[PDB]
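Only one chain is shown below, in structure tokens, and it's the form deposited in one PDB entry.
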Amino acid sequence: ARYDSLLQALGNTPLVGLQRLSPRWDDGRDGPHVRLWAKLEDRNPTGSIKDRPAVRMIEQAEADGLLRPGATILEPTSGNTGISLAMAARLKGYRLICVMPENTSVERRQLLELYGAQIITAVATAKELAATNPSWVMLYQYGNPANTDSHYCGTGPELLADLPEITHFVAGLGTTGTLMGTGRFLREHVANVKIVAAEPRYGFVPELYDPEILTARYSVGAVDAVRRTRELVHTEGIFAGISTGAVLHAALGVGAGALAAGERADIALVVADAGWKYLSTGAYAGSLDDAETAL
């Protein structure tokens, strides 16, 4: 565990059994086990899963000759990808400018500046800004196969190593990188694997998306998401972000499926970031209806 740079202290995230919240942790008289396992991607340099594609997208753009020393990077995001890229650019000697509206909160804005980024439909605006300079590159996490590659070459191998007996992989669907990359890999090695997606109730379709890979899709409501998140910290001591709530809700559906049909299940689910940056929204305390409108 000795790294000459933070960029290497990346991935190799733990997988943790959720014994209290699993439908059936122990095999028994009433049937085989139905287990949830949690992949803690919040144990990453910036505390989110986006550290994986961020570093990969920079290394690929280098390899394709787009990125020369002292160059400048551009991307549409004011969230987790922004943070990740800013960390990674700073360390690779690059300059960053992120792509967001004025509307975007003071919290998100100041966090990016703290990491050293600079501040500026939004996908299109960005493409135009890259077309301004030869040394200005736009990585495009929504289209970039390096996003999908980072999970193919990291996340999937780690899961399979920790959980050879895996039956399902559940994860949030945003850029689609996680599900595409991890699902492509898991299918190759575990033929019977099911790849389940969790998403918000209502946008665009990413170039990375391939529908064949998914077995199922769950549309999750705010109240459900929040409730699950809260259950997850109350019961398991894991303080996750809101997308984990959605993922967990979907994973409990799947799990209830296996339990009803008397089958084994080992369900791996992605904890993509922690609850720290969602705390200011009150959503962890008070009523769930307060929390729903407060999001």
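Throughout, rigid core stands for the largest set of C-alpha atoms superposing within 1.5 Å between the two forms. Each residue number is its position in the shown sequence, starting from 1. Shifts are known only where both forms have a C-alpha.
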### Query
What about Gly203, is it left unmodelled in a third or more of the other PDB entries we looked at?
yes
Legend entry - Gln141 dropped from a third or more of the other entries of this protein: no
Gap between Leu91 and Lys92, counted in deposited residues with no coordinates, falls in the class none
Counting residues of the deposited sequence that sit between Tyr202 and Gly203 but have no coordinates, the total is 10 or more
For 175 to 183 versus 69 to 77, entry-based mean Cα B-factors point to 69 to 77
Once average C-alpha B-factors are taken from the entry for 125 to 133 and 164 to 172, the winner is 125 to 133
Note to self: of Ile119, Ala86, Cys153, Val220, the C-alpha temperature factor tops out at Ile119
Comparing C-alpha B-factors across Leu159, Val190, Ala197, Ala146 in this entry, the winner is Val190
The third of the chain into which the C-alpha temperature factor of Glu263 falls is the highest
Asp26: CA temperature factor from the record, placed by chain third, in the highest
For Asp64, the third of its chain by CA B-factor is the highest
Assert third(CA B-factor, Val106) within chain per record equals highest
Binned into thirds over the chain's modelled residues, the C-alpha B-factor of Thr281 lands in the highest
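One more form of this protein, deposited in another entry, exists but is not displayed; see below.
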Across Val220, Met100, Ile166, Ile213, the single C-alpha shifting 2 angstroms or more between the shown form and the other one with the core held fixed is at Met100
Exceeds or equals 2 Å, Cα of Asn192 between the shown form and the other one, core fit:
no
Worksheet item: With the core lined up, does the C-alpha of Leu129 move 2 Å or more between the shown form and the other one?
Response: yes
The moving segments between the shown form and the other one, taken as three or more consecutive common residues whose Cα atoms each shift by 2 angstroms or more on the rigid core, are 100 to 110, 121 to 136
